[PDB]
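Engineer: Input structure: entry.pdb, which contains PDB, C-alpha atoms and all ligand atoms.
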ATOM      1  CA  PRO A  79     191.823 251.898 -16.732
ATOM      2  CA  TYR A  80     190.631 250.296 -19.980
ATOM      3  CA  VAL A  81     190.646 246.581 -18.941
ATOM      4  CA  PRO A  82     187.888 244.409 -17.339
ATOM      5  CA  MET A  83     186.910 245.603 -13.875
ATOM      6  CA  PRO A  84     186.540 242.985 -11.120
ATOM      7  CA  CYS A  85     183.769 243.544  -8.597
ATOM      8  CA  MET A  86     183.119 241.358  -5.555
ATOM      9  CA  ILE A  87     179.616 241.771  -4.145
ATOM     10  CA  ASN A  88     180.205 239.111  -1.482
ATOM     11  CA  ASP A  89     181.805 235.684  -1.217
ATOM     12  CA  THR A  90     179.162 234.058  -3.453
ATOM     13  CA  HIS A  91     178.579 236.855  -6.020
ATOM     14  CA  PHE A  92     181.134 238.459  -8.366
ATOM     15  CA  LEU A  93     180.946 240.839 -11.344
ATOM     16  CA  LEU A  94     183.471 241.429 -14.109
ATOM     17  CA  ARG A  95     182.787 244.668 -15.955
ATOM     18  CA  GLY A  96     183.431 244.739 -19.668
ATOM     19  CA  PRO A  97     186.220 246.846 -21.149
ATOM     20  CA  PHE A  98     185.797 250.550 -21.838
ATOM     21  CA  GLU A  99     183.239 251.037 -19.077
ATOM     22  CA  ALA A 100     180.958 248.447 -20.644
ATOM     23  CA  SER A 101     177.267 248.470 -19.731
ATOM     24  CA  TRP A 102     177.570 244.731 -19.083
ATOM     25  CA  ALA A 103     179.421 242.426 -16.736
ATOM     26  CA  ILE A 104     180.056 238.697 -16.584
ATOM     27  CA  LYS A 105     178.349 237.452 -13.425
ATOM     28  CA  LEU A 106     179.746 234.538 -11.422
ATOM     29  CA  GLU A 107     177.771 232.869  -8.637
ATOM     30  CA  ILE A 108     179.143 230.112  -6.454
ATOM     31  CA  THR A 109     176.252 227.857  -5.519
ATOM     32  CA  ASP A 110     175.438 224.259  -4.674
ATOM     33  CA  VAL A 111     172.404 224.189  -7.002
ATOM     34  CA  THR A 112     172.469 222.661 -10.472
ATOM     35  CA  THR A 113     170.175 224.185 -13.077
ATOM     36  CA  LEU A 114     171.607 222.605 -16.233
ATOM     37  CA  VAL A 115     171.871 219.067 -17.597
ATOM     38  CA  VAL A 116     174.047 217.347 -20.206
ATOM     39  CA  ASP A 117     172.915 217.305 -23.860
ATOM     40  CA  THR A 118     174.538 216.445 -27.184
ATOM     41  CA  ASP A 119     175.460 220.025 -28.032
ATOM     42  CA  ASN A 120     175.357 221.884 -24.702
ATOM     43  CA  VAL A 121     178.590 220.518 -23.173
ATOM     44  CA  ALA A 122     181.700 222.664 -23.669
ATOM     45  CA  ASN A 123     185.182 222.852 -22.165
ATOM     46  CA  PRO A 124     187.592 225.717 -21.289
ATOM     47  CA  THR A 125     188.746 225.879 -24.886
ATOM     48  CA  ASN A 126     185.108 225.560 -26.110
ATOM     49  CA  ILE A 127     184.078 228.077 -23.430
ATOM     50  CA  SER A 128     183.823 231.033 -25.842
ATOM     51  CA  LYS A 129     181.021 229.180 -27.657
ATOM     52  CA  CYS A 130     178.557 229.386 -24.724
ATOM     53  CA  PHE A 131     178.237 233.206 -25.079
ATOM     54  CA  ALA A 132     176.705 233.458 -28.572
ATOM     55  CA  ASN A 133     173.523 235.386 -27.739
ATOM     56  CA  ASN A 134     174.564 239.004 -28.168
ATOM     57  CA  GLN A 135     176.300 240.662 -31.087
ATOM     58  CA  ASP A 136     175.854 244.114 -29.555
ATOM     59  CA  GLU A 137     178.564 243.488 -26.962
ATOM     60  CA  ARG A 138     181.324 241.773 -28.892
ATOM     61  CA  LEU A 139     184.003 242.055 -26.216
ATOM     62  CA  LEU A 140     182.326 239.368 -24.106
ATOM     63  CA  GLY A 141     184.302 236.450 -25.572
ATOM     64  CA  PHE A 142     187.602 238.258 -25.081
ATOM     65  CA  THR A 143     186.679 238.990 -21.479
ATOM     66  CA  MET A 144     186.319 235.239 -20.990
ATOM     67  CA  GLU A 145     189.672 234.193 -22.490
ATOM     68  CA  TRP A 146     191.175 236.944 -20.338
ATOM     69  CA  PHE A 147     189.358 235.431 -17.360
ATOM     70  CA  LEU A 148     190.488 231.834 -17.964
ATOM     71  CA  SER A 149     194.081 232.958 -17.418
ATOM     72  CA  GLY A 150     195.403 230.342 -19.802
ATOM     73  CA  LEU A 151     193.715 227.567 -17.834
ATOM     74  CA  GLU A 152     192.262 226.133 -21.040
ATOM     75  CA  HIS A 153     195.891 225.226 -21.763
ATOM     76  CA  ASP A 154     196.014 223.234 -18.491
ATOM     77  CA  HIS A 155     194.516 219.926 -19.583
ATOM     78  CA  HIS A 156     194.461 218.858 -15.953
ATOM     79  CA  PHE A 157     191.909 221.601 -15.372
ATOM     80  CA  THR A 158     188.807 219.723 -16.580
ATOM     81  CA  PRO A 159     185.660 220.710 -14.650
ATOM     82  CA  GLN A 160     182.309 219.888 -16.196
ATOM     83  CA  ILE A 161     181.021 222.887 -18.138
ATOM     84  CA  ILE A 162     177.476 222.928 -19.492
ATOM     85  CA  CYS A 163     176.233 225.696 -21.752
ATOM     86  CA  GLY A 164     172.763 227.040 -20.997
ATOM     87  CA  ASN A 165     169.953 227.946 -23.394
ATOM     88  CA  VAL A 166     169.353 231.630 -22.713
ATOM     89  CA  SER A 167     166.248 231.491 -24.905
ATOM     90  CA  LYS A 168     164.673 229.343 -22.193
ATOM     91  CA  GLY A 169     165.717 231.574 -19.297
ATOM     92  CA  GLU A 170     168.784 229.741 -18.017
ATOM     93  CA  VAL A 171     172.334 230.851 -17.264
ATOM     94  CA  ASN A 172     175.026 230.832 -19.946
ATOM     95  CA  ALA A 173     177.102 228.102 -18.273
ATOM     96  CA  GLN A 174     177.444 226.102 -15.077
ATOM     97  CA  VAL A 175     180.863 224.828 -14.044
ATOM     98  CA  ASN A 176     180.962 222.000 -11.529
ATOM     99  CA  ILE A 177     183.794 222.879  -9.167
ATOM    100  CA  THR A 178     183.140 220.082  -6.698
ATOM    101  CA  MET A 179     186.459 218.381  -7.475
ATOM    102  CA  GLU A 180     189.054 219.629  -5.046
ATOM    103  CA  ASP A 181     191.976 220.274  -7.371
ATOM    104  CA  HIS A 182     189.710 222.084  -9.833
ATOM    105  CA  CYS A 183     188.231 224.076  -6.972
ATOM    106  CA  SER A 184     191.598 225.106  -5.528
ATOM    107  CA  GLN A 185     192.718 225.989  -9.030
ATOM    108  CA  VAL A 186     189.613 228.113  -9.570
ATOM    109  CA  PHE A 187     189.961 229.845  -6.197
ATOM    110  CA  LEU A 188     193.612 230.673  -6.772
ATOM    111  CA  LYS A 189     192.668 232.359 -10.042
ATOM    112  CA  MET A 190     189.727 234.203  -8.545
ATOM    113  CA  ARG A 191     191.713 235.195  -5.481
ATOM    114  CA  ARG A 192     194.345 237.058  -7.501
ATOM    115  CA  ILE A 193     191.582 238.596  -9.623
ATOM    116  CA  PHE A 194     188.915 239.565  -7.099
ATOM    117  CA  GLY A 195     190.942 239.709  -3.902
ATOM    118  CA  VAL A 196     190.720 237.649  -0.764
ATOM    119  CA  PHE A 197     187.396 235.986   0.019
ATOM    120  CA  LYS A 198     186.183 232.797   1.647
ATOM    121  CA  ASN A 199     187.606 229.622   0.072
ATOM    122  CA  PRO A 200     184.635 227.663  -1.346
ATOM    123  CA  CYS A 201     186.671 224.472  -1.539
ATOM    124  CA  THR A 202     186.136 224.028   2.182
ATOM    125  CA  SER A 203     182.454 223.519   1.360
ATOM    126  CA  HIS A 204     181.344 219.918   1.079
ATOM    127  CA  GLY A 205     179.375 218.133  -1.527
ATOM    128  CA  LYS A 206     178.240 219.554  -4.818
ATOM    129  CA  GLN A 207     179.042 223.118  -5.755
ATOM    130  CA  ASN A 208     179.048 225.000  -9.041
ATOM    131  CA  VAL A 209     180.004 228.331 -10.518
ATOM    132  CA  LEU A 210     177.114 229.824 -12.482
ATOM    133  CA  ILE A 211     178.022 232.222 -15.261
ATOM    134  CA  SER A 212     175.652 234.691 -16.899
ATOM    135  CA  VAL A 213     175.566 238.254 -18.231
ATOM    136  CA  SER A 214     174.074 241.242 -16.415
ATOM    137  CA  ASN A 215     173.973 245.010 -16.547
ATOM    138  CA  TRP A 216     176.639 246.985 -14.708
ATOM    139  CA  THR A 217     175.073 249.186 -12.046
ATOM    140  CA  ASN A 218     178.177 250.562 -10.226
ATOM    141  CA  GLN A 219     177.696 248.125  -7.364
ATOM    142  CA  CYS A 220     181.371 248.321  -6.396
TER     143      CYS A 220
HETATM  144  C1  LIG B   1     175.423 238.042  -1.702
HETATM  145  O1  LIG B   1     174.641 239.056  -2.330
HETATM  146  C2  LIG B   1     173.511 238.528  -3.040
HETATM  147  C3  LIG B   1     172.829 239.686  -3.729
HETATM  148  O2  LIG B   1     173.761 240.660  -4.176
HETATM  149  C4  LIG B   1     172.581 237.798  -2.079
HETATM  150  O3  LIG B   1     171.578 237.204  -2.893
HETATM  151  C5  LIG B   1     170.409 236.966  -2.109
HETATM  152  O4  LIG B   1     170.392 235.594  -1.719
HETATM  153  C6  LIG B   1     169.284 235.247  -0.877
HETATM  154  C7  LIG B   1     169.481 233.803  -0.479
HETATM  155  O5  LIG B   1     170.543 233.662   0.455
HETATM  156  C8  LIG B   1     167.980 235.485  -1.634
HETATM  157  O6  LIG B   1     166.881 235.224  -0.768
HETATM  158  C9  LIG B   1     167.906 236.917  -2.152
HETATM  159  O7  LIG B   1     166.779 237.082  -3.004
HETATM  160  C10 LIG B   1     169.165 237.283  -2.931
HETATM  161  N1  LIG B   1     169.132 238.687  -3.309
HETATM  162  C11 LIG B   1     169.637 239.140  -4.459
HETATM  163  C12 LIG B   1     169.514 240.612  -4.697
HETATM  164  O8  LIG B   1     170.176 238.394  -5.268
HETATM  165  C13 LIG B   1     173.337 236.737  -1.288
HETATM  166  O9  LIG B   1     172.530 236.202  -0.245
HETATM  167  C14 LIG B   1     174.587 237.327  -0.653
HETATM  168  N2  LIG B   1     175.363 236.286   0.002
HETATM  169  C15 LIG B   1     175.150 235.900   1.263
HETATM  170  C16 LIG B   1     176.043 234.811   1.776
HETATM  171  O10 LIG B   1     174.277 236.408   1.960
HETATM  172  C1  LIG B   2     183.482 221.292 -28.070
HETATM  173  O1  LIG B   2     182.177 220.758 -27.701
HETATM  174  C2  LIG B   2     181.539 220.046 -28.766
HETATM  175  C3  LIG B   2     180.131 219.733 -28.323
HETATM  176  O2  LIG B   2     179.660 220.691 -27.388
HETATM  177  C4  LIG B   2     182.356 218.810 -29.080
HETATM  178  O3  LIG B   2     181.678 218.136 -30.130
HETATM  179  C5  LIG B   2     181.609 216.716 -29.920
HETATM  180  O4  LIG B   2     182.282 216.260 -28.741
HETATM  181  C6  LIG B   2     182.223 214.834 -28.576
HETATM  182  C7  LIG B   2     182.911 214.534 -27.270
HETATM  183  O5  LIG B   2     183.247 215.745 -26.609
HETATM  184  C8  LIG B   2     182.871 214.132 -29.770
HETATM  185  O6  LIG B   2     182.727 212.724 -29.626
HETATM  186  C9  LIG B   2     182.231 214.598 -31.073
HETATM  187  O7  LIG B   2     182.908 214.039 -32.197
HETATM  188  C10 LIG B   2     182.273 216.117 -31.149
HETATM  189  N1  LIG B   2     181.638 216.595 -32.365
HETATM  190  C11 LIG B   2     182.035 217.704 -32.997
HETATM  191  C12 LIG B   2     181.270 218.067 -34.232
HETATM  192  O8  LIG B   2     182.971 218.384 -32.586
HETATM  193  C13 LIG B   2     183.736 219.244 -29.547
HETATM  194  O9  LIG B   2     184.543 218.112 -29.847
HETATM  195  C14 LIG B   2     184.426 220.129 -28.502
HETATM  196  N2  LIG B   2     185.673 220.645 -29.047
HETATM  197  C15 LIG B   2     186.861 220.039 -28.919
HETATM  198  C16 LIG B   2     186.882 218.775 -28.114
HETATM  199  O10 LIG B   2     187.882 220.509 -29.409
HETATM  200 SM    SM B   3     172.712 242.273 -26.738
HETATM  201 SM    SM B   4     181.213 245.149 -26.094
HETATM  202 SM    SM B   5     198.194 214.942 -18.870
END
Is it possible to give me this structure as structure tokens?
Ligand SMILES: *[C@@H]1O[C@H](CO)[C@@H](O[C@@H]2O[C@H](CO)[C@@H](O)[C@H](O)[C@H]2NC(C)=O)[C@H](O)[C@H]1NC(C)=O
Ligand SMILES: *[C@@H]1O[C@H](CO)[C@@H](O[C@@H]2O[C@H](CO)[C@@H](O)[C@H](O)[C@H]2NC(C)=O)[C@H](O)[C@H]1NC(C)=O
Ligand SMILES: [Sm+3]
Ligand SMILES: [Sm+3]
Ligand SMILES: [Sm+3]
Structural biologist:
Amino acid sequence: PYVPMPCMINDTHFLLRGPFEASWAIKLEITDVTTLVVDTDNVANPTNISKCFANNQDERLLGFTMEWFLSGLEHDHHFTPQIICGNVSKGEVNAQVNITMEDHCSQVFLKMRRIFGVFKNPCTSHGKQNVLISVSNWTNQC
């Protein structure tokens, strides 16, 4: 009752409400579109992941909600999908994670299945596919 609240809009779209009935939620979209590109300072990793969400001081529990979400997968050095931080100042998502690799994808699905419940396995999809991560308002969608 005081922990992050998972919400599954549909197979592609997921929300994770912040603790204590937070007005915000970490949004996750599974998509085959890439909106971000590698730069010197924009690339992060699951241990670096907390760094991508530096925009807002108002909602400080965002970084915790992420370490909670990674489920200790930053400690699995075989879990190494490409993560690219986004420049929110220029209207782009906080991070895109390339989950095209099959073992990363099955390892991401297994974590999201226990969290969000059963939904369609995106690893059956072919070719490029990403998880896009950004912040949104919570509107009691679930
Ligand atoms: C899951 O729900 C989202 C919205 O909650 C749908 O997003 C729409 O996606 C279509 C493209 O397929 C766009 O044309 C719409 O503008 C989007 N609407 C919104 C509100 O984002 C998404 O389509 C749904 N998933 C599926 C498979 O239909
Ligand atoms: C977290 O990411 C930063 C950049 O986003 C990494 O910084 C550089 O990473 C490259 C290769 O990843 C190294 O060759 C540089 O020496 C790093 N520079 C600095 C100042 O760190 C950073 O290493 C990552 N954190 C890690 C790997 O613990
Ligand atoms: Sm803010
Ligand atoms: Sm907060
Ligand atoms: Sm090893």
Engineer: Take the PyMOL selection byres (((chain A and resi 111) around 10) and not hetatm), run it mentally on this structure, and tell me the resulting residues as a count of residues only.
Structural biologist: 13
Engineer: How would you report the residues lying within 10 Å of ligand SM 3 (chain B), as number ranges by chain, if you count all atoms listed in the file?
Structural biologist: A: 102, 132-138, 213
Engineer: Pick out the residues no farther than 7 Å from ligand LIG 2 (chain B), counting all atoms listed in the file, and list them as an MDAnalysis selection string.
Structural biologist: chainID A and resid 118:123 126
Engineer: What do you get, as number ranges by chain, if you spell out every residue that the PyMOL selection byres (((chain A and resi 170-172) around 8) and not hetatm) selects here?
Structural biologist: A: 113-114, 130-131, 163-169, 173-174, 210-213
Engineer: Draw an axis-aligned box tight on the listed atoms of range 155-159 of chain A, then pad every side by 6 Å and write out centre and edge lengths in Å to one decimal as AutoDock Vina command-line options.
Structural biologist:
--center_x 190.1 --center_y 220.2 --center_z -17.1 --size_x 20.9 --size_y 14.7 --size_z 16.9
Engineer: List all protein, DNA and RNA residues that have any atom at most 10 Å from ligand LIG 1 (chain B), counting only C-alpha atoms and all ligand atoms, and write the list as a PDB file with C-alpha atoms, in the frame of the given file.
Structural biologist:
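Now in out.pdb:
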ATOM      1  CA  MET A  86     183.119 241.358  -5.555  1.00  0.00           C
ATOM      2  CA  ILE A  87     179.616 241.771  -4.145  1.00  0.00           C
ATOM      3  CA  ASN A  88     180.205 239.111  -1.482  1.00  0.00           C
ATOM      4  CA  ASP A  89     181.805 235.684  -1.217  1.00  0.00           C
ATOM      5  CA  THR A  90     179.162 234.058  -3.453  1.00  0.00           C
ATOM      6  CA  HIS A  91     178.579 236.855  -6.020  1.00  0.00           C
ATOM      7  CA  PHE A  92     181.134 238.459  -8.366  1.00  0.00           C
ATOM      8  CA  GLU A 107     177.771 232.869  -8.637  1.00  0.00           C
ATOM      9  CA  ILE A 108     179.143 230.112  -6.454  1.00  0.00           C
ATOM     10  CA  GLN A 219     177.696 248.125  -7.364  1.00  0.00           C
TER      11      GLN A 219
END
Engineer: Which residues are near ligand SM 5 (chain B) - at most 12 Å, using all atoms listed in the file? Format: as a ChimeraX atom specification.
Structural biologist: /A:153-158
Engineer: To one decimal place in Å, what is the distance between CA of residue 218 in chain A and CA of residue 201 in chain A?
Structural biologist: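 Answer for the CA of residue 218 in chain A to CA of residue 201 in chain A separation: 28.8 Å.
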Engineer: May I ask which of the residues A:150, A:96, A:200, A:159 is the closest one to ligand SM 4 (chain B), counting all atoms listed in the file?
Structural biologist: A:96
Engineer: As an exercise, work out the distance from CA of residue 182 in chain A to CA of residue 215 in chain A in Å and give it to one decimal place.
Structural biologist: 28.6 Å
